[PDB]
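Note that each Cβ is placed from the backbone with ideal geometry, even for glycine, and that neighbours are counted across all protein chains shown. Just so it is clear, none of the values below were taken in a lab; they were calculated from the coordinates.
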Amino acid sequence: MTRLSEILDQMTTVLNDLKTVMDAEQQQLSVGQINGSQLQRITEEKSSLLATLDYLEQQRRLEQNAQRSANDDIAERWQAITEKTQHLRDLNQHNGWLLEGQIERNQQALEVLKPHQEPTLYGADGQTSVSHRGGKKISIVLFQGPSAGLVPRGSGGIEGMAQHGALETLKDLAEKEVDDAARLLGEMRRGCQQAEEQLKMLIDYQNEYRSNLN
């Protein structure tokens, strides 16, 4: 009766850091302002800390074979994990919604700055509203931005139009909109995908652990 105590302690402390990290990025996605240096450091922390959760997770199952409970320490850590992983999975679902919403918002913004050169509608304004699960559409703009939705806080999304202008040569500001958003929000989209997946599955199998009585 040991080892799990350390692993689950390492999980829960990383989940405290991920509480701060994943909530902080989620905030900057829902405000609508994507901060480059800030989100780069935040998502770097998230993805490293998730890789850590992942190694501790697979090893935890190896320690469900190697060790078991008969210990309250492991049990306190266990409850701390299920709580934090649940809250993280929830705000992560919201985080991914904010991403795909802010990414598609970016692609309509690119449509508005870009001149209509091929048979499209118009770079109009709009204030749509969406607050359910979904997102992930085709690449709306000529850049790789396959996302959909809107940030519920930033209620000002344009109609779900898509161009087909697959030709380019020189950009300036639009390239930095795609660079900053599609790269940062992309690494958070893939990172958060892995996050909510491993966290919901964590909790799912986690009931396998018994209290001190075993």
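Across every pair of different alpha-carbon atoms, what Kirkwood hydrodynamic radius in Å does the stretch 4-206 reach? Hydrodynamic radius (Kirkwood, Cα pairs) of the stretch 4-206 is 18.4 Å. Calculated [222 nm] ellipticity per residue, helices only, for the chain: -21500 deg cm²/dmol; basis is -39500 (n - 2.57) per DSSP H run with n ≥ 4, divided by all residues, nearest 500.
For the stretch 4-206, the number of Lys pairs with C-alpha atoms closer than 16 Å, counting only pairs eight or more positions apart or on separate chains, is 7. With 0.36 nm allotted per residue and the present C-alpha distance subtracted, the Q58-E168 stretch has 35.1 nm of extension available. Per-residue 3J(HN,Hα) values for the stretch 142-153, derived from phi via the Karplus relation 6.51 cos²θ - 1.76 cosθ + 1.60 with θ = phi - 60°, read 5, 6, 6, x, x, 8, 7, x, 6, 5, x, 6 Hz in sequence order (x marks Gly and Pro). Summing Cβ point charges (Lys, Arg +1; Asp, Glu -1) relative to the Cα centre of the chain gives a dipole of roughly 320 debye. On the principal axes of its alpha carbon atoms, the stretch 4-56 extends 41, 14, 12 Å, with the longest extent given first. 3J(HN,Hα) couplings calculated from phi for the stretch 162-168 with the Karplus curve 6.51 cos²θ - 1.76 cosθ + 1.60 (θ = phi - 60°) are, in sequence order, 9, 7, 7, x, 7, 7, 7 Hz; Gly and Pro show x.
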